[PDB]
């Protein structure tokens, strides 16, 4: 009964494969249509993440061996532990968190963008392994894995977020997904930024920057999709979601402070890494469309560290 001829009527008469599977094997399934992109932001993001493909073997980490050998065994242990803990977060994102966003998608193109995210964060975990292969001894590697499984403050950050990935609530799942690359990343990234400012491990620093380039987009994209769904909710449901975001973030900030104090206690870096972490919590809120409540002193970052965001050593 329409007086205009709407193009692509087949789309409204069909379902994506995941929708077919979720709704009890009902409906006619449509192929993705890369010639009709429902949200142009999806095409922009697909193009940037695929143009940004890299693998760790492209960076000659072996050229860091002399720099690595200037670090005491205590510093080498700290780096192996910190990076292995980040590898755990990468593993959760690749195998649970990002793949859980596929069925939560607003568009067919978003469904496969999250498969790229999952694969690329697996590459991030691969690259930590690659760094260790070149620089670390077998004993250093194994001891870091045993420390990861046995450090309760580390385990608790992951345990707090994983339950949301059931997609019992898709928006809560998306917030918990974005908190990995948008927040928990940074307490650990403080360490390579600190080492880079001191002229250590330049080639490893190149891998850290490639990882950062991907993670920034992952956080941005989830926040973009969070805001798009939330704006369509009732004012009441939007208030409930905003209180959820602040509550979960504050909970994760407390868990992260406890973890970073343990990780960096012997080195004095915990207070600086916590302010750096809380600064990025403020940006995480902005990424979801909210205002940062954090103070300047809460979030103060030295310039040699702050620029990389884009006698006593």
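Residue numbers count along the first chain shown, from 1.
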- Which class describes the count of deposited residues lacking coordinates between residue 310 and residue 311: none, 1 to 3, 4 to 9, or 10 or more? 10 or more
- Higher-B stretch (mean Cα B-factor, as the entry records it), 236 to 244 or 88 to 96: 236 to 244
- Message: Mean CA temperature factor from the deposited coordinates, higher in 168 to 176 or in 206 to 214?
- Response: 168 to 176
- Item | Among 64, 271, 39, 44 - the residue whose C-alpha B-factor is largest in the record | 271
- Note on the structure: The largest CA temperature factor among 81, 109, 229, 126 is found at 229
- Of the three thirds of the chain ranked by Cα temperature factor, residue 115 occupies the lowest
- Message: Splitting the chain's C-alpha B-factors into thirds, which one does residue 121 fall into?
- Response: middle
- Sorting the chain's modelled residues by C-alpha B-factor, tell me whether residue 69 ends up in the lowest, middle or highest third. middle
- Item | Modelled-residue ranking by C-alpha temperature factor, third containing residue 14 | lowest
- Query: Taking the entry's C-alpha B-factors for this chain, is residue 28 in the lowest, middle or highest third?
  - Reply: lowest
